[PDB]
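What the sequence shown shows, in PDB author numbering, is residues 2 to 280, 309 to 416, 443 to 452, 511 to 614, 628 to 740, in sequence order.
Don't be surprised by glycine CBs; every beta carbon is placed ideally from N, CA and C.
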Amino acid sequence: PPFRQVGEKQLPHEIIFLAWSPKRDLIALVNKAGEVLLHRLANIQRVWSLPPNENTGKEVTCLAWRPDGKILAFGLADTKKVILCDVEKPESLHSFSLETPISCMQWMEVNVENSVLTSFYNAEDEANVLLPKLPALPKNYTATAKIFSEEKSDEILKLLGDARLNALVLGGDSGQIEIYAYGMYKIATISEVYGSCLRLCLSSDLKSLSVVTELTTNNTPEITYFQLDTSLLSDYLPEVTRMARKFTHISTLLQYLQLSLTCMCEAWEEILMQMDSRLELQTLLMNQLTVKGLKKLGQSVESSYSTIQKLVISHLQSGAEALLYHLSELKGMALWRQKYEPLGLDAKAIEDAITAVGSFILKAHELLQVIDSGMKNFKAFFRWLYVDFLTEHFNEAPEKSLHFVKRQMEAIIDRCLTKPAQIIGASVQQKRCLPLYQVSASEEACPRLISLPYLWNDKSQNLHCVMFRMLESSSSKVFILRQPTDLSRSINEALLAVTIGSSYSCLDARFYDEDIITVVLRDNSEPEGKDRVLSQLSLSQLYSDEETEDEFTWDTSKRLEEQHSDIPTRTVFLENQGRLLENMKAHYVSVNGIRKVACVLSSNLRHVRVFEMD
């Protein structure tokens, strides 16, 4: 009676990751076969299926929904790469390699939109609408993915989302963390934890980065909570936002320049292959090649030259011009020092990079001069065989350091991009480390990324929250640890053990709306034990110091499991005692607060039951 059944489907293969789209009623899931599939809310209809291929990663470990729900990113542990693809088309729009194999993923965006941040968004929105679009790259067989192909609305304006800073944070099996702005610019590489990145959470204010890690040991892994001080990204937020944005533009270009140079080099290889296939003398020439065959070779060489000329006079000229534009502005920012210097922006490094772009466009101009001088001799040769002219006929019978200038250019651009990631990564300190518990024999049954502990941001009160199960201490109790984003702040009820009731045992719990959490429970009745409902977190927090104690009395050098005896116990009550029950063996949920949707995955059976909370 409380919630409405929308669909019920038995998935062919087991599911290792479940996630809802933040803006649409779509659910992304990993199929344990390494395939990622999309499903609609109504009757859980399969939208698409992305097969796992050896070419672009086989083992996919996690997913991430971009706040602007048009782009979906997923990490591959085997090939050590993150591939960003559209939600409508299976095709990948972007890809990048990672230092360590992926463990977990998070795609978040800043909740702060104060004064100068608003002035920046408006400026970037007006910059992109004013600056002329780059010339359309021709549809070539050598051109892979074809993002710059220009068909209706371009994918480059989709890849680069809103000016509002969104970060894609990646976790490793070693504990290494990587933060990618707009899901493409590396802001920080953090290596301050010990286990394998189980859960990741960057705060909306960018003050802290909480992480839950599963440390592998001889008998059973040890679940440990950590909190990192990423406050530099908070203090210099409008600068970090603008800085990363210009780097995503310089990353889009250079790649555009390389792809256009690839199309230019391939068109040159098409002339040399056709020339090699073509080339007493009077009889042999007319027998080897017909008079009709010279005409088809004439157009093929003329069309390839025109495209080569267009690629360097239009694509390369506008490409380098836009590169000179975005770098020149980055220097103007870099010249502040008070701002951008403690962020790692070196004016001299980019100044030298401008000259590198200038030397490249000039060397490309010098390369065209060689092609034009070579084509004028061929023009006199072609017209002579059909019917200044005689001189060019005699003279008739990568290169010119272009590979060197492109490498020197991308070398200085990369030094401009790498310096901030090194110094921002140096600024972040490990301020909190809380060993929780050691995994039980039963917890090793379900996948890492579906089960509890559950890390969430709580953007309303700015609190890093964790809901975990310590089975060795208690079988029916759910533990809730909440720490503020600003570490200097002292929180009231830092840790509690909530007994949920009756409904007794809590299997899975997930954040839904402002103060309420969705919860899957195990009732006293034996036939139908599995039942889902929403719980109000307001009942336990108490927001007042009890006997001048904020539960800071526990030893953070010893596991919290060891000191469970003196933990502050609480008893929470449900909105409906017997809300929605199901004949299936539930155990897990995936929810979306604003879209009022839910996805109940069955324990091991991988049968899914969807319900709308509206």
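- Measure from the alpha carbon of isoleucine 643 to the alpha carbon of each residue in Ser651, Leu633, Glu652 and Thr674, then state which is nearest. Closest option to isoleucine 643, Cα to Cα, is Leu633.
- By the 10 Å Cβ neighbour count, where 16 or more other Cβ atoms means buried, how is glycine 173 classified, buried or exposed? Per the 10 Å Cβ criterion, buried.
- Supposed contact pair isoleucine 28 and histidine 40 - C-beta distance, whole angstroms, cut 8 Å: Taking the Cβ atoms as the reference, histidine 40 lies roughly 5 Å from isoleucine 28, within the contact range of under 8 Å.
- Query: Cα-Cα, which of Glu512, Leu166, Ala137 and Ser628 is closest to residue 1?
  - Reply: The structure shown does not extend to residue 1, since the chain is modelled only from 2 to 740, so the question has no answer here.
- Message: I believe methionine 315 touches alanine 385 by the beta-carbon criterion, under 8 Å. Please report the beta-carbon distance rounded to the nearest angstrom.
- Response: Contact doesn't hold; Cβ gap of about 52 Å is too wide.
- Message: Please tell me whether residue 1 and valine 7 are closer than 7 Å, where the distance is taken between their beta carbons.
- Response: Nothing about residue 1 can be reported from this structure: the residues present for the chain run from 2 to 740 only.
- Where DSSP assigns a beta bridge to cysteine 546, which residues make up the other side? Assignment of beta-bridge partners to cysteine 546 by DSSP yields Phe227.
- Query: Hey, which unbroken runs of the beta strand (DSSP E) at 3 residues or more fall wholly within the stretch 177–248?
  - Reply: List check, beta strand (DSSP E) in window: 178–182, 186–191, 197–203, 209–216 and 223–230.
- Between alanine 74 and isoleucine 84, what straight-line distance do the alpha-carbon atoms span, to the nearest angstrom? So the alpha carbons of these two residues sit roughly 6 Å apart.
- Nearest-angstrom Cα separation, counted from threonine 231 out to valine 541: So the alpha carbons of these two residues sit roughly 5 Å apart.
- Message: Tell me the residue span of the alpha helix (DSSP H) that contains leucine 515.
- Response: Annotation: the continuous alpha helix (DSSP H) that includes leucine 515 extends over 515–540.
- Using the beta-carbon count (16 or more within 10 Å), is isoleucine 720 buried or exposed? Exposed, since its Cβ has fewer than 16 Cβ neighbours within 10 Å.
- Query: If you draw a straight line from the alpha carbon of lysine 656 to that of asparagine 220, how long is it in whole angstroms?
  - Reply: In a straight line, the C-alpha of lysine 656 is about 31 Å away from that of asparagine 220.
- Identify which residue in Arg705, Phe592, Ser629 and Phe699 has its Cα closest to the Cα of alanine 607. Here the closest residue by C-alpha is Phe592.
- Item | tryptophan 21 burial status per 10 Å Cβ neighbour count (16 or more: buried) | By the 10 Å Cβ count, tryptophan 21 comes out buried.
- Figure out for me which residue from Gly35, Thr190 and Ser716 has the closest Cα to the Cα of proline 533. When only C-alpha atoms are compared, the closest one is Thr190.
- Can you tell me the Cα-Cα spacing of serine 628 and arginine 200, whole angstroms? For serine 628 and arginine 200, the gap between their C-alpha atoms comes out near 31 Å.
- Message: Can you look up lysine 24 in the DSSP assignment and give me helix, strand or coil?
- Response: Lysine 24: coil per DSSP, three-state reduction.
- Task: Rounded to whole angstroms, what's the CA-CA distance from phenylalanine 678 to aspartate 26? Just pull it up for me.
- Result: Straight-line Cα distance between these residues: approximately 41 Å.
- Item | Member of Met106, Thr682, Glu127 and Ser120 whose CA lies at the smallest distance from the CA of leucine 562 | It is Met106 whose Cα lies nearest to the Cα of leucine 562.
- Task: Below 8 Å CB to CB, which residues in the same chain sit around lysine 405 once its five sequence neighbours on both sides are set aside?
- Result: Answer for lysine 405: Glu447, listed in chain order.
- Message: So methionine 362 and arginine 243 are supposed to be a Cβ contact under 8 Å. How far apart are they, rounded?
- Response: Their Cβ separation, rounded to whole angstroms, is 7 Å, which keeps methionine 362 and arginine 243 in contact under 8 Å.
- For the beta strand (DSSP E) holding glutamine 667, just list the boundary residues, first then last. Counting along the chain, no beta strand (DSSP E) covers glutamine 667; the unbroken alpha helix (DSSP H) around it starts and ends at 664–667.
- Would DSSP call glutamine 703 helix, strand or coil? In this structure, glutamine 703 counts as coil in the three-state DSSP scheme.
- Can at least three beta-carbon pairs, one atom from the stretch 153–167 and one from the stretch 123–136, be found at a separation below 8 Å? Yes: at least three Cβ pairs fall under 8 Å.
- Message: Given 6 Å as the limit, tell me if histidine 355 has its C-beta closer than that to any heavy atom belonging to the ligand ZN.
- Response: This structure simply doesn't include the ligand ZN, nor any ligand for that matter.
- Item | 7 Å Cβ cutoff met for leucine 359 and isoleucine 379 | Between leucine 359 and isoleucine 379, the gap from beta carbon to beta carbon is short of 7 Å.
- Can you tell which of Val646, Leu731 and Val723 has its C-alpha closest to the C-alpha of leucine 700? Nearest option by C-alpha distance: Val646.
- When the Cα atoms are used, what is the spatial distance from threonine 674 to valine 88? Looking at the two C-alpha atoms, the distance is approximately 52 Å.
- Query: By DSSP, does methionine 276 sit in helix, in strand, or in coil?
  - Reply: Note: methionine 276 maps to helix in three-state DSSP.
- From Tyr630, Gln311, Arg582 and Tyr334, pick the residue whose C-alpha is nearest to that of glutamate 223; which is it? Shortest Cα-Cα distance from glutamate 223 to any of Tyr630, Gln311, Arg582 and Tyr334 involves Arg582.
- Message: Across the stretch 548–558 and the stretch 91–99, are there enough close Cβ pairs to call them in contact, namely three or more that are closer than 8 Å?
- Response: The way I'd put it, the stretch 548–558 doesn't touch the stretch 91–99; fewer than three beta-carbon pairs between them come closer than 8 Å.
- Message: Helix, strand or coil for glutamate 110? Go by DSSP, reduced to three states.
- Response: Three-state DSSP puts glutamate 110 in a strand.
- Message: Cutting at 6 Å between CB atoms, please list the residues of its own chain near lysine 321, excluding the five before and the five after it.
- Response: No residues qualify anywhere along the chain.
- Query: Within this structure, are the beta carbons of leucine 210 and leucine 203 separated by less than 7 Å?
  - Reply: With contacts defined as CB atoms closer than 7 Å, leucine 210 and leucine 203 qualify as a contacting pair.
- For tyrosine 567, the first and last residue of its enclosing alpha helix (DSSP H): Note, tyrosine 567: premise wrong, no alpha helix (DSSP H); beta strand (DSSP E) at 567–569.
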